[PDB]
Every structure is written in structure tokens, then in C-alpha cells.
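Encoded as C-alpha cells, the following chain is the form deposited in one PDB entry, with no partner shown.
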């Protein structure tokens, strides 16, 4: 499996900070055939970012609509993304599930619209603290994946991302071993719903707090194939994180 390292800049950046960050990133030598490295800037920065990054870097947007083209003010459709050759789209990120009520149904619809339009999707999911304390991790994760995994036609085009909400801003820390346990389980689900061959080829990224100190210990786990980096991807030291997957 090819490792995958994605930078989700979320809602950050200015024309000038991006110019400075992209320059640093372009300095890093890596072979895109052996490693996928994707950057996800804010939508209004997509074009600026795509022109500043060397083609070895892939780019994508942080959200796509579940609707097609039409009367949907403020939405960006898969059809529109396709016309711009936008390669990746993030779906189901917890911030959208939390602040903008996105449901498993929405996640499903968006993945369907994305695949139909040849876009590659990075799908997020994970349990919260209350859910982990009740020992419902497995149950929750199973129900979230099964909400969209039948739509996956091609296992190189859909990337899964495990987000340990229970460890996001709650003060509890997730260990590499703990991440690995969940990742192994996720792969099992994919295995017993899509096939053993399919399960071994789909990338499952860890999406908790990743930095230059813990990345090597996370990437080394058997079922962790890369990351979805948050704030650490807003720094020049991001290149160090990429290197841990080389």
C-alpha cells in the first residue's frame, strides 16, 4: 500500500502565508509514485495554492455538496470539482458533523456524488469520548463505515480516516497502540463487507493530533497508512511529517 499524507489547512491562511508555506513544501524531494501527498486549502485559495505547488503535490477541497448543480447557494458540486480537475474531496470531517449537522446519510450521498464524478474521497469518522467510555467504539465505528462502504467501487480511490474525537481537545491522549487497534478493526470491517483483497489495498489514515514528535511512531503501525494533519500542516515543519512516510 502507498502511504498517504494529507494536509488539511481547515479555515486558515492568507495569500502571503500560503506563498511562504508552499515554497517550503516545494523544497521537499519525494517521489509521488511511491507516496501520495495531498494538500487541502480553503476553497477560495484552491487556485492560488494549485499554481504555487509543484505537480508532485496533489490538491483537493475540504467539502463537496451532496447535490448536483442547481439552486443550492453556497455549495460546491462534484460536477464543478470535476471540471476544475480537483482530485480529492474530504467528506464527513467531524467539524462538519459537529457544527454543521452532517449525518452518515450525507456522508453517503457525498461519496456517491464524488465517485460518480471521478473524484477521490477522504472519508472521516470516529467515536467521541462519551462513546468510548461506554465501550461502544467498535459498534460506532462499524455503523459509520457501513453507512458508505458499499459505494466503494475502487479501493485506490477512497481513503478512510479515523478521527479519535475522544482524544480531540478532551485532554486524553491516544497512543500509537490504541490507534492501531482501531485501524485493525476498521480493516476487518472492510474485509468482511468488501473482500480480503479490497481490504488490504484501502488506505486508512490516522486523523488525531499528529506532529513531528509522534508521526514516526504512528506511521510504523501495521494498519496505519498515513495521516490527515491539522495545524501541524500549517507549518514549515510539515515536511518532516511527510518524511516519516518516505
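Residues that one form lacks are left out of the comparison. Numbering follows the first chain given and starts at 1. Rigid core: the largest C-alpha set superposing within 1.5 Å between the two forms.
Another form, the form deposited in another entry, is not on view; read the next lines as being about it.
Superposed on the rigid core, the two forms differ between this form and the one not shown by 2 Å or more at the C-alpha of one listed residue only; from 170, 112, 142, 131 that residue is 170. Pairwise change in the other form: residue 135 and residue 170 C-alpha atoms lie farther apart than in the shown form, at least 3 Å.
Shifted region between this form and the one not shown (core-superposed; runs of 3+ residues, all CA displacements of 2 Å or more, residues common to both forms): 166-173 only.
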